[PDB]
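Structure first, commentary second.
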Amino acid sequence: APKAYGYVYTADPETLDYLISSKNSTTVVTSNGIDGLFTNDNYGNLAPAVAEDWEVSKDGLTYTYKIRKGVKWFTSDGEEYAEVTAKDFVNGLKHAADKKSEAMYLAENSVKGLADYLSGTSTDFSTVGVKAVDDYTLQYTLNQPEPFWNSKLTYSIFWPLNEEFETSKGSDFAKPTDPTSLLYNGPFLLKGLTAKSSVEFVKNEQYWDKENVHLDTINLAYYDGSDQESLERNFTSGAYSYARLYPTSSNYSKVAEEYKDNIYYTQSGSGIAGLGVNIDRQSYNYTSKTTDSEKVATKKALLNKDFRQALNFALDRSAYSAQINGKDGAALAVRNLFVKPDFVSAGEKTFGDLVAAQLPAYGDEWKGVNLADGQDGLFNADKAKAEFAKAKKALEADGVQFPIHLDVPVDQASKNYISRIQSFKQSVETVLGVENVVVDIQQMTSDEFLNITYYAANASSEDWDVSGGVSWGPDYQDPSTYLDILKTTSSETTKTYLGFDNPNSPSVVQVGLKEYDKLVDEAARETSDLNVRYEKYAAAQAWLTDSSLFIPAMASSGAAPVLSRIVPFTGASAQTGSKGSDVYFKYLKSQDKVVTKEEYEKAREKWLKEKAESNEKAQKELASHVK
């Protein structure tokens, strides 16, 4: 039935603790059940959720939220527990601080006093700038004005948590197979968790905003990538409400004929997929290298910027994207920049434009660069070979023997991840020569792969030389959400994308990341002129692009052919945060029949007009909240 949403999830959560986790697998299982102060409506506006109203001081430092009365916490079986209050947001942030949240970067330099509490120089949380002035008045005090502060409040570190419940559960709190170990205040109740099988929700029939909830049930089935045709097959049977299509499937010509009037393409998402370079590899439990000399050679090569540039310029991103999208749709998903090029603009210039204007200082090879989505602006075999020749001269003078062996891990279950990594291998080896670079693909089980990538505990666990296993999506509406996480001090995220968690590692200094820190920090200090702030963050992105420490390849979502029974443009629209329709299913409506491309385009053209007007009205209302 249309009120029974069915689709898939790709990884079992390590935790249900939404305050501590920075991983989408926790968002997938909690957002539908946990509301914070705002959501996102179908036009992308912030919509009142637990905050019924808000104000900001004239100096921009104090935000005050009127907590909606009558919003309740419920158990997984629908029993009322307590009333959501401002004290739950004080407790949420204290819990995030005390248990060292993986997402603390969003809050630690923003909320007054929080950095001192995290370091231990203050142990009294009353010195931290979150206060329950009364049970329905929540006040945050910031270190500096942040026009993007409210956009942070759709991210999970600012969600509420009832302290009495948390204390009552002890070490059983937020356990990943136990829906009774959280309480729910959102549009759905988390009902079922079965490892490698399902995530299950039911509509919260006592939800204050249930008039905006149009699904009775949500069921997500585990999908490990071993059968990419499974999505379309289960869509056709009616089990799934949606299906991402893979044109490389052997049955695709049949699918494309049957659904010729229904397949449509989604817009590219804001997250970035690509290949991180481990500049400080600690462990060799997944390697093809046979000698310590090869290990030393690879470590030295990965510290060489020209070597990394050679890999970056040798990667054919269209062919990489074609492994999941086919050749005809391949270019749509290509991305050339860590920050999505139009994520922000300074007047008429996109962020990508600002980066392109600063990149040529690093070399004439960047003059004329096209950083726009939807085309491969970085692939250039001639430039790849030229950079490699410089690297090889420098490395051979230091005793390094060639070829350089690169370990890239894959989950043996995900066929089209293997195909993507094989395309990387073919690109690099054909352009640069197998006498120069050998890509050694390390096959392992799904759990083994997660343990050295997505769920790696520390830098010692990042057992790889190059890896495309983990993407990054933006958490709030400012370039810092992409660029701050690669600073030398951002150890929770530097391990994932760059292999290090020691801010003082000599590998980190050798690749110049201290200069990156200073560029990011100079941008962060600009709070009086957004255009200048964005120009300064573009300087940091230009450094990152030249450094080739992360090899961008594609948007991490979107730019894909899909089938749908979801009524077009009814779901939440979010470019950042945890309340987009990928994870949060308020507002969404389903229909009986498969959506047609004509239905979708008609809705899109009306939505674009309505969104522009709605966003403009919202912007004009901002000043009325200044008190």
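In this analysis, Cβ positions are derived from the backbone assuming ideal geometry, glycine residues included, and neighbour counts consider all displayed protein chains. None of the figures in this text is laboratory data; all of them are computed from the coordinates on show.
Side notes on the structure shown:
- Linear extension gain, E348 paired with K627, 0.36 nm per residue minus alpha-carbon span: 97.3 nm
- Charge tally around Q510: other residues with Cβ under 15 Å, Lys/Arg +1 each, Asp/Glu -1 each, net +1.
- Residues of type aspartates and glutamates that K72 reaches as a straight line, Cα spacing below 15 Å, ignoring anything fewer than 8 places off in the same chain: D35, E52, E80, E83, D88, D135, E163, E164, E205, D209
- Helical mean residue ellipticity (222 nm; -39500 (n - 2.57) per DSSP H run of 4+; nearest 500) of the chain: -9500 deg cm²/dmol
- Debye intensity ratio in log₁₀ form over the Cα atoms of segment 56-109, taken at each q of 0.12, 0.28 Å⁻¹: -0.44, -1.05
- Relative contact order (%) - the chain, alpha-carbon pairs under 8 angstrom, separation at least six: 20
- Hydrodynamic radius by Kirkwood, which averages 1/r over all alpha carbon pairs of segment 411-495, in angstrom: 14.9
- Restricting segment 418-462 to GluC sites (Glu not before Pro) that sit in a DSSP loop and have at most 15 other Cβ atoms within 10 Å of their own Cβ leaves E435.
- What separates the Cα centres of segment 204-228 and segment 462-476 is a distance of 27 Å.
- Centroid-to-centroid separation of segment 562-621 and segment 1-56 [C-alpha atoms, Å]: 16
- Net lengthening on full extension, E610/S283 (0.36 nm per residue, minus Cα-Cα): 112.4 nm
- Average projected area [Cα convex hull, segment 272-555], square nanometres: 14.0
- Least to most buried among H405, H625 (fewest other Cβ within 10 Å first): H625, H405
- Directionally averaged shadow of the chain, computed from the convex hull of its alpha-carbon atoms, nm²: 26.6
- Considering only beta bridges that DSSP places wholly inside the chain, some 75 percent are antiparallel.
- Kirkwood hydrodynamic radius of segment 299-378, from the reciprocal of the average inverse Cα-Cα distance over all distinct pairs: 13.9 Å.
- When Rg and Dmax are taken over the Cα atoms of segment 238-307, they come to 21.7, 58 Å.
- Size descriptor, Kirkwood hydrodynamic radius, that averages inverse alpha-carbon separations across segment 1-139, Å: 16.9
- Of the residues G499, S288, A372, the one whose Cα sits farthest toward the positive end of the charge dipole of segment 272-555, with +1 on the Cβ of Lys and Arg and -1 on the Cβ of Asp and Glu, is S288.
- ³J(HN,Hα), Karplus 6.51/-1.76/1.60, whole Hz, each residue of segment 608-619, x for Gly, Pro: 4, 5, 5, 5, 4, 5, 5, 4, 5, 4, 4, 5
- For segment 405-481, applying the loop criterion from DSSP together with a ceiling of 13 other beta carbons within 10 Å to the chymotrypsin sites (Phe, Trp or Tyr not before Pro) yields no site.
- Net +/- balance of residues flanking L189 in space, Cβ distance below 15 Å, scoring K and R +1, D and E -1: -4
- Ellipsoid semi-axes in whole angstrom, largest first, where each is sqrt(5λ) of the Cα gyration tensor of segment 449-557: 25, 16, 12
- The Cβ shell under 11 Å around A221 holds other residues with a net charge of -1, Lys and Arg each +1, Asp and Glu each -1.
- The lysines whose alpha-carbon is closer than 17 Å to the alpha-carbon of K514, local same-chain residues fewer than 8 away aside, are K305, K487, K495, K536.
- Two numbers describe the Cα atoms of segment 509-604: Rg and Dmax, which are 20.2, 59 Å.
- Over 25 Å (Cα to Cα) - which of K152/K597; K87/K112; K203/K589; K327/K597; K94/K579 fall in this group: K152/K597
- Bridge type composition, segment 272-555 - antiparallel percent by DSSP, nearest 5: 60
- Close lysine pairs were tallied over segment 385-479: pairs 8 or more places apart or on different chains with Cα atoms under 24 Å apart number 6.
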